[PDB]
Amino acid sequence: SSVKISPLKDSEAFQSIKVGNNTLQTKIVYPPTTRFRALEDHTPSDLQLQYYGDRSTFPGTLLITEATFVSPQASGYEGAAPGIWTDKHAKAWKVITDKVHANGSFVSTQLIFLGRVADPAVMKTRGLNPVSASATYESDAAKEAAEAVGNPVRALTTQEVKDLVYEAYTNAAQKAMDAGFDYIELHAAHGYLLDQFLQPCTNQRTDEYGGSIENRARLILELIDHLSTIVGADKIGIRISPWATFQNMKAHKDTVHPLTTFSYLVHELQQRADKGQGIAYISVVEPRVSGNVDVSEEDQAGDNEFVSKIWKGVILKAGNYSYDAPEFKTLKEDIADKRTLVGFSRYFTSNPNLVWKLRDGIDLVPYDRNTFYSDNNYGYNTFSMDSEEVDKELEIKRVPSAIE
């Protein structure tokens, strides 16, 4: 049902904050949210142009795009997710970032690489294997699926790992700049490739990229360092989900605990900040949520206070922040330090004007999980229309098309 909320107008959520080179006028952020309304060849679509535009209308909002593939080897969904590796991709994204910018808002692109969870049939069509830090699967079913089509997961070679830094992510970053993104965000969360490198359940390498906490972090820090030299540290973010068990990450049951893995990473990031190479923000998933699933208090094994104690810069937190609506006690506590942003993903899907609703205490429209991942405009841009105007059957038939 609809969520009654108290207005946040007079709260820290509407105090300006500098994030890298840009100043936000609200601390409410749209986090990366996969929806599968890109074109078949991963170019952003007409639907996406309106979708991001509709969420940019409170001037000075930060929007972070849905996970966007860095390269063909980075892909692996059956649904149509966007990419940022070709000039065509960048030119289409630029229409979208232009629209957000014309509203005085800002946009970060989340760069994803699927890794061991890439669909093996999809990858086979590209003549590629699913790849990872090590040759592992998230489940027996995943292993059987891959072996059945003769396309097993394999470990990247040392040279391939270098190629991620100097080729795949470098080109994605260059394309992101061509596309006018204000930031690029490394996806190091939720059991995808970079999280697979960081944690021991997924990384048993014996080269410089595994075999210790420091070695497992090496690829991620190499990307931070190299990409900082290309786009500047002020245009870089990173997302982590220390507590998540999404895609079979062991988290607090792994042989190295997330507090160890992620405190190591965050302290290395702060040391870079101390030397003048501080990245724009660290985005962290609160333990209330794991990937796209809520986690009971009983099941929660830690929290993200360590990030606040170790990192001195901007932090973005997300995960069921309306759980204590209408008064938003937890949100208010979490933004009290004046360097913290708060994200809403699921409610932003059904409330394109969410910043305005939270500002003025307007009831939140419930979201529709059934249309989170479908291929058409129904449950996508229809939340911007008066219900009386929406032709459902027409909109279900409205698949993504080229911009303009």
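The numbering used is simple: start at 1 and walk along the sequence shown.
Taking the PDB entry as given, 124-132 carries the higher mean Cα B factor of the two stretches 124-132 and 69-77. When the two stretches 163-171 and 148-156 are set side by side, the higher mean Cα temperature factor goes to 148-156. The PDB entry assigns the greatest CA B-factor among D299, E214, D195, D254 to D299.
Of the candidates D182, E222, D119, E185, it is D119 whose Cα B-factor is highest according to the PDB record. Among all modelled residues in this chain, the alpha-carbon of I335 has a temperature factor (C-alpha) in the middle third. When the modelled residues of the chain are ordered by their C-alpha B factor, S241 lands in the lowest third. Compared with the other modelled residues of the chain, the Cα B-factor recorded for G379 ranks in the highest third.
The PDB entry assigns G60 a C-alpha temperature factor belonging to the middle third of its chain's modelled residues. Residue-level temperature factors show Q277 in the highest third of its chain, judged at the C-alpha atom.
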